[PDB]
file target30.pdb (PDB, C-alpha atoms)
ATOM      1  CA  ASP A   1       0.000   0.000   0.000  1.00  0.00           C
ATOM      2  CA  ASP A   2       2.993   2.314   0.493  1.00  0.00           C
ATOM      3  CA  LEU A   3       4.857   1.194  -2.651  1.00  0.00           C
ATOM      4  CA  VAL A   4       2.048   1.936  -5.141  1.00  0.00           C
ATOM      5  CA  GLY A   5       2.118   5.647  -5.889  1.00  0.00           C
ATOM      6  CA  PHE A   6       2.272   8.108  -2.990  1.00  0.00           C
ATOM      7  CA  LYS A   7       0.368   7.211   0.188  1.00  0.00           C
ATOM      8  CA  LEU A   8      -2.210   9.969   0.665  1.00  0.00           C
ATOM      9  CA  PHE A   9      -1.802  11.244   4.222  1.00  0.00           C
ATOM     10  CA  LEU A  10      -5.110  11.760   6.031  1.00  0.00           C
ATOM     11  CA  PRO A  11      -4.659  14.080   9.044  1.00  0.00           C
ATOM     12  CA  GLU A  12      -5.835  12.523  12.304  1.00  0.00           C
ATOM     13  CA  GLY A  13      -6.835  15.903  13.740  1.00  0.00           C
ATOM     14  CA  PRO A  14      -8.620  19.014  12.501  1.00  0.00           C
ATOM     15  CA  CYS A  15      -7.631  20.425   9.119  1.00  0.00           C
ATOM     16  CA  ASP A  16      -5.042  23.058  10.062  1.00  0.00           C
ATOM     17  CA  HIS A  17      -2.344  24.553   7.824  1.00  0.00           C
ATOM     18  CA  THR A  18       1.350  25.249   7.739  1.00  0.00           C
ATOM     19  CA  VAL A  19       3.441  27.150   5.197  1.00  0.00           C
ATOM     20  CA  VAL A  20       6.837  25.485   4.931  1.00  0.00           C
ATOM     21  CA  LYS A  21       9.957  26.312   2.939  1.00  0.00           C
ATOM     22  CA  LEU A  22      10.306  23.047   1.015  1.00  0.00           C
ATOM     23  CA  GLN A  23      13.294  21.825  -0.967  1.00  0.00           C
ATOM     24  CA  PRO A  24      12.896  19.969  -4.276  1.00  0.00           C
ATOM     25  CA  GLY A  25      13.841  16.766  -2.463  1.00  0.00           C
ATOM     26  CA  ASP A  26      11.232  17.258   0.250  1.00  0.00           C
ATOM     27  CA  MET A  27       8.516  17.018  -2.428  1.00  0.00           C
ATOM     28  CA  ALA A  28       7.404  13.462  -3.175  1.00  0.00           C
ATOM     29  CA  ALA A  29       5.572  14.282  -6.386  1.00  0.00           C
ATOM     30  CA  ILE A  30       4.485  16.960  -8.840  1.00  0.00           C
ATOM     31  CA  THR A  31       0.752  16.305  -8.986  1.00  0.00           C
ATOM     32  CA  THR A  32      -1.261  16.599 -12.193  1.00  0.00           C
ATOM     33  CA  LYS A  33      -3.981  18.748 -10.609  1.00  0.00           C
ATOM     34  CA  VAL A  34      -4.124  22.459 -11.471  1.00  0.00           C
ATOM     35  CA  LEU A  35      -5.519  24.494  -8.557  1.00  0.00           C
ATOM     36  CA  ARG A  36      -5.507  28.161  -9.603  1.00  0.00           C
ATOM     37  CA  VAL A  37      -4.830  29.567  -6.138  1.00  0.00           C
ATOM     38  CA  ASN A  38      -3.071  32.901  -5.663  1.00  0.00           C
ATOM     39  CA  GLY A  39       0.284  32.471  -3.935  1.00  0.00           C
ATOM     40  CA  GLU A  40       0.698  36.205  -3.295  1.00  0.00           C
ATOM     41  CA  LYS A  41      -2.459  36.423  -1.158  1.00  0.00           C
ATOM     42  CA  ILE A  42      -1.438  33.274   0.716  1.00  0.00           C
ATOM     43  CA  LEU A  43       1.880  34.953   1.530  1.00  0.00           C
ATOM     44  CA  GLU A  44      -0.044  38.074   2.616  1.00  0.00           C
ATOM     45  CA  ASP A  45      -1.941  35.743   4.951  1.00  0.00           C
ATOM     46  CA  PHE A  46       0.708  33.402   6.388  1.00  0.00           C
ATOM     47  CA  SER A  47       3.381  36.065   6.888  1.00  0.00           C
ATOM     48  CA  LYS A  48       0.749  38.506   8.173  1.00  0.00           C
ATOM     49  CA  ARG A  49      -0.879  36.068  10.608  1.00  0.00           C
ATOM     50  CA  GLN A  50       2.295  34.525  11.994  1.00  0.00           C
ATOM     51  CA  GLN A  51       2.617  37.324  14.499  1.00  0.00           C
ATOM     52  CA  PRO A  52       2.151  35.392  17.777  1.00  0.00           C
ATOM     53  CA  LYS A  53      -0.400  38.016  18.867  1.00  0.00           C
ATOM     54  CA  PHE A  54      -2.069  37.976  15.416  1.00  0.00           C
ATOM     55  CA  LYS A  55      -1.833  34.219  14.792  1.00  0.00           C
ATOM     56  CA  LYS A  56      -5.553  34.131  15.685  1.00  0.00           C
ATOM     57  CA  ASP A  57      -6.803  36.347  12.848  1.00  0.00           C
ATOM     58  CA  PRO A  58      -9.842  35.136  10.889  1.00  0.00           C
ATOM     59  CA  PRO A  59      -8.676  33.089   7.900  1.00  0.00           C
ATOM     60  CA  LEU A  60      -8.232  34.554   4.436  1.00  0.00           C
ATOM     61  CA  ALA A  61     -10.059  32.845   1.596  1.00  0.00           C
ATOM     62  CA  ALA A  62      -6.982  31.754  -0.378  1.00  0.00           C
ATOM     63  CA  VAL A  63      -5.465  29.833   2.556  1.00  0.00           C
ATOM     64  CA  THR A  64      -8.712  28.207   3.681  1.00  0.00           C
ATOM     65  CA  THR A  65      -9.490  27.298   0.064  1.00  0.00           C
ATOM     66  CA  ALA A  66      -6.029  25.819  -0.522  1.00  0.00           C
ATOM     67  CA  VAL A  67      -6.177  23.750   2.679  1.00  0.00           C
ATOM     68  CA  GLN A  68      -9.705  22.511   1.956  1.00  0.00           C
ATOM     69  CA  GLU A  69      -8.726  21.660  -1.624  1.00  0.00           C
ATOM     70  CA  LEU A  70      -5.654  19.749  -0.431  1.00  0.00           C
ATOM     71  CA  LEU A  71      -7.713  17.691   2.029  1.00  0.00           C
ATOM     72  CA  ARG A  72     -10.380  17.055  -0.623  1.00  0.00           C
ATOM     73  CA  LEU A  73      -7.609  15.986  -3.010  1.00  0.00           C
ATOM     74  CA  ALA A  74      -6.355  13.540  -0.392  1.00  0.00           C
ATOM     75  CA  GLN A  75      -9.817  12.023   0.023  1.00  0.00           C
ATOM     76  CA  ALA A  76     -10.689  12.241  -3.697  1.00  0.00           C
ATOM     77  CA  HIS A  77      -8.012   9.726  -4.804  1.00  0.00           C
ATOM     78  CA  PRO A  78      -8.046   6.204  -3.307  1.00  0.00           C
ATOM     79  CA  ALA A  79      -4.253   5.839  -3.081  1.00  0.00           C
ATOM     80  CA  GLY A  80      -2.923   8.995  -4.750  1.00  0.00           C
ATOM     81  CA  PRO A  81      -3.661  10.556  -8.127  1.00  0.00           C
ATOM     82  CA  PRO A  82      -1.269   9.918 -11.024  1.00  0.00           C
ATOM     83  CA  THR A  83       1.761  12.180 -11.120  1.00  0.00           C
ATOM     84  CA  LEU A  84       2.920  14.110 -14.155  1.00  0.00           C
ATOM     85  CA  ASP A  85       4.766  11.108 -15.533  1.00  0.00           C
ATOM     86  CA  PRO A  86       8.402  11.941 -16.431  1.00  0.00           C
ATOM     87  CA  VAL A  87       8.039  10.272 -19.842  1.00  0.00           C
ATOM     88  CA  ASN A  88       4.312   9.910 -20.523  1.00  0.00           C
ATOM     89  CA  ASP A  89       3.289  13.419 -19.377  1.00  0.00           C
ATOM     90  CA  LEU A  90       6.414  15.551 -19.905  1.00  0.00           C
ATOM     91  CA  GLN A  91       6.762  14.182 -23.475  1.00  0.00           C
ATOM     92  CA  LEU A  92      10.132  12.447 -23.179  1.00  0.00           C
ATOM     93  CA  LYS A  93      11.392   9.352 -24.983  1.00  0.00           C
ATOM     94  CA  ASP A  94      14.393   7.984 -23.062  1.00  0.00           C
ATOM     95  CA  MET A  95      14.269   4.183 -23.072  1.00  0.00           C
ATOM     96  CA  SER A  96      16.051   3.797 -19.723  1.00  0.00           C
ATOM     97  CA  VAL A  97      13.365   5.770 -17.876  1.00  0.00           C
ATOM     98  CA  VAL A  98      10.500   3.897 -19.548  1.00  0.00           C
ATOM     99  CA  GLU A  99      12.114   0.562 -18.703  1.00  0.00           C
TER     100      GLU A  99
END
call {"tool": "encode", "arguments": {"input": "target30.pdb", "output": "structure tokens"}}
result
Amino acid sequence: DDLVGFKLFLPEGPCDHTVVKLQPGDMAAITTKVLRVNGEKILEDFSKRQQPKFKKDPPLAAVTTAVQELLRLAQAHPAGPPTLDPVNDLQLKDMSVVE
């Protein structure tokens, strides 16, 4: 169950958020889904809210929408949606990678 695709994590608690500075290697996959969310407004929400006194601001729509969409994406695929295949989605033809 862990070796077929990418095991879709289902959070055991309430659907919170974090905004992390990820490396390319910390990312398991580049998903096929296209969620037209605005990164700028999410920065204007995470960086704005992360004042310890203002961490309790009412949520902005871009962050709540992104978090809800991510959780729905986790539920909406039984074991993980197909990734943008290196060969069959990025239009490559190297035999070694196909094999």
call {"tool": "atom_distance", "arguments": {"input": "target30.pdb", "atom1": "CA of residue 28 (chain A)", "atom2": "CA of residue 89 (chain A)"}}
result
16.7 Å
call {"tool": "atom_distance", "arguments": {"input": "target30.pdb", "atom1": "CA of residue 48 (chain A)", "atom2": "CA of residue 73 (chain A)"}}
result
26.5 Å
call {"tool": "axis_aligned_box", "arguments": {"input": "target30.pdb", "around": "region 13-23 of chain A", "padding_each_side": "5 Å", "output": "lines of an AutoDock Vina configuration file"}}
result
center_x = 2.3
center_y = 21.5
center_z = 6.4
size_x = 31.9
size_y = 21.2
size_z = 24.7
call {"tool": "residues_around", "arguments": {"input": "target30.pdb", "residues": "region 36-41 of chain A", "least_positions_apart": "3", "cutoff": "9 Å", "atoms": "all atoms listed in the file", "output": "VMD selection string"}}
result
chain A and resid 44 to 46 60 to 63 65 to 66
call {"tool": "write_last_selection", "arguments": {"input": "target30.pdb", "atoms": "C-alpha atoms", "output": "short mmCIF file (atom, residue, chain, number, x, y, z; two decimals), in the coordinates of the input"}}
result
data_model
loop_
_atom_site.label_atom_id
_atom_site.label_comp_id
_atom_site.auth_asym_id
_atom_site.auth_seq_id
_atom_site.Cartn_x
_atom_site.Cartn_y
_atom_site.Cartn_z
CA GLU A 44 -0.04 38.07 2.62
CA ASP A 45 -1.94 35.74 4.95
CA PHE A 46 0.71 33.40 6.39
CA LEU A 60 -8.23 34.55 4.44
CA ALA A 61 -10.06 32.84 1.60
CA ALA A 62 -6.98 31.75 -0.38
CA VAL A 63 -5.46 29.83 2.56
CA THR A 65 -9.49 27.30 0.06
CA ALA A 66 -6.03 25.82 -0.52
#
call {"tool": "residues_around", "arguments": {"input": "target30.pdb", "residues": "residue 4 (chain A)", "least_positions_apart": "3", "cutoff": "9 Å", "atoms": "all atoms listed in the file", "output": "count of residues only"}}
result
4
call {"tool": "residues_around", "arguments": {"input": "target30.pdb", "residues": "residue 30 (chain A)", "least_positions_apart": "3", "cutoff": "8 Å", "atoms": "all atoms listed in the file", "output": "list in words"}}
result
residues 27, 83 and 84 of chain A
call {"tool": "resolve_selection", "arguments": {"input": "target30.pdb", "expression": "the PyMOL selection byres ((chain A and resi 81) around 9)", "output": "MDAnalysis selection string"}}
result
chainID A and resid 5:6 8 31:33 73:74 76:80 82:83
call {"tool": "write_last_selection", "arguments": {"input": "target30.pdb", "atoms": "C-alpha atoms", "output": "short mmCIF file (atom, residue, chain, number, x, y, z; two decimals), keeping the file's coordinate frame"}}
result
data_model
loop_
_atom_site.label_atom_id
_atom_site.label_comp_id
_atom_site.auth_asym_id
_atom_site.auth_seq_id
_atom_site.Cartn_x
_atom_site.Cartn_y
_atom_site.Cartn_z
CA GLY A 5 2.12 5.65 -5.89
CA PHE A 6 2.27 8.11 -2.99
CA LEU A 8 -2.21 9.97 0.66
CA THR A 31 0.75 16.30 -8.99
CA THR A 32 -1.26 16.60 -12.19
CA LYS A 33 -3.98 18.75 -10.61
CA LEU A 73 -7.61 15.99 -3.01
CA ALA A 74 -6.36 13.54 -0.39
CA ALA A 76 -10.69 12.24 -3.70
CA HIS A 77 -8.01 9.73 -4.80
CA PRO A 78 -8.05 6.20 -3.31
CA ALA A 79 -4.25 5.84 -3.08
CA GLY A 80 -2.92 8.99 -4.75
CA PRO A 82 -1.27 9.92 -11.02
CA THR A 83 1.76 12.18 -11.12
#
call {"tool": "atom_distance", "arguments": {"input": "target30.pdb", "atom1": "CA of residue 53 (chain A)", "atom2": "CA of residue 21 (chain A)"}}
result
22.3 Å
call {"tool": "closest_residue", "arguments": {"input": "target30.pdb", "among": "A:34, A:87, A:92, A:71", "to": "residue 13 (chain A)", "atoms": "only C-alpha atoms"}}
result
A:71
call {"tool": "resolve_selection", "arguments": {"input": "target30.pdb", "expression": "the PyMOL selection byres ((chain A and resi 15) around 9)", "output": "list in words"}}
result
residues 11, 12, 13, 14, 16, 17, 67, 68 and 71 of chain A
call {"tool": "closest_residue", "arguments": {"input": "target30.pdb", "among": "A:9, A:72, A:2, A:91", "to": "residue 35 (chain A)", "atoms": "all atoms listed in the file"}}
result
A:72
call {"tool": "build_atoms", "arguments": {"input": "target30.pdb", "residues": "region 78-95 of chain A", "atoms": "N, CA and C atoms", "output": "CSV table (one decimal), keeping the file's coordinate frame"}}
result
chain,number,residue,atom,x,y,z
A,78,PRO,N,-8.1,7.3,-4.3
A,78,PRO,CA,-8.0,6.2,-3.3
A,78,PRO,C,-6.7,5.9,-2.7
A,79,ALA,N,-5.6,6.1,-3.6
A,79,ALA,CA,-4.3,5.8,-3.1
A,79,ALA,C,-3.3,6.9,-3.6
A,80,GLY,N,-3.8,8.0,-4.2
A,80,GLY,CA,-2.9,9.0,-4.8
A,80,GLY,C,-3.2,9.1,-6.2
A,81,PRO,N,-3.4,10.3,-6.7
A,81,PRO,CA,-3.7,10.6,-8.1
A,81,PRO,C,-2.4,10.4,-8.9
A,82,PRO,N,-2.5,10.1,-10.2
A,82,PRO,CA,-1.3,9.9,-11.0
A,82,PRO,C,-0.5,11.2,-11.1
A,83,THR,N,0.9,11.0,-11.0
A,83,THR,CA,1.8,12.2,-11.1
A,83,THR,C,2.0,12.5,-12.6
A,84,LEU,N,2.6,13.7,-12.8
A,84,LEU,CA,2.9,14.1,-14.2
A,84,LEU,C,4.1,13.3,-14.6
A,85,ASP,N,3.8,12.2,-15.3
A,85,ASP,CA,4.8,11.1,-15.5
A,85,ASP,C,6.0,11.7,-16.2
A,86,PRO,N,7.2,11.4,-15.8
A,86,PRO,CA,8.4,11.9,-16.4
A,86,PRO,C,8.5,11.7,-17.9
A,87,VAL,N,8.0,10.6,-18.4
A,87,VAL,CA,8.0,10.3,-19.8
A,87,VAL,C,6.7,10.5,-20.5
A,88,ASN,N,5.6,10.0,-19.9
A,88,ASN,CA,4.3,9.9,-20.5
A,88,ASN,C,3.5,11.2,-20.3
A,89,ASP,N,4.0,12.1,-19.5
A,89,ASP,CA,3.3,13.4,-19.4
A,89,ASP,C,4.2,14.6,-19.7
A,90,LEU,N,5.5,14.5,-19.5
A,90,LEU,CA,6.4,15.6,-19.9
A,90,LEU,C,6.9,15.4,-21.3
A,91,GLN,N,6.4,14.4,-22.1
A,91,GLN,CA,6.8,14.2,-23.5
A,91,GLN,C,8.3,13.9,-23.7
A,92,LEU,N,8.8,12.9,-23.0
A,92,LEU,CA,10.1,12.4,-23.2
A,92,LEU,C,10.1,11.0,-23.8
A,93,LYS,N,11.3,10.6,-24.3
A,93,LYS,CA,11.4,9.4,-25.0
A,93,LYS,C,12.6,8.5,-24.6
A,94,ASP,N,13.2,8.8,-23.4
A,94,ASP,CA,14.4,8.0,-23.1
A,94,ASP,C,14.0,6.6,-22.7
A,95,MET,N,14.6,5.6,-23.3
A,95,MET,CA,14.3,4.2,-23.1
A,95,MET,C,14.6,3.8,-21.6
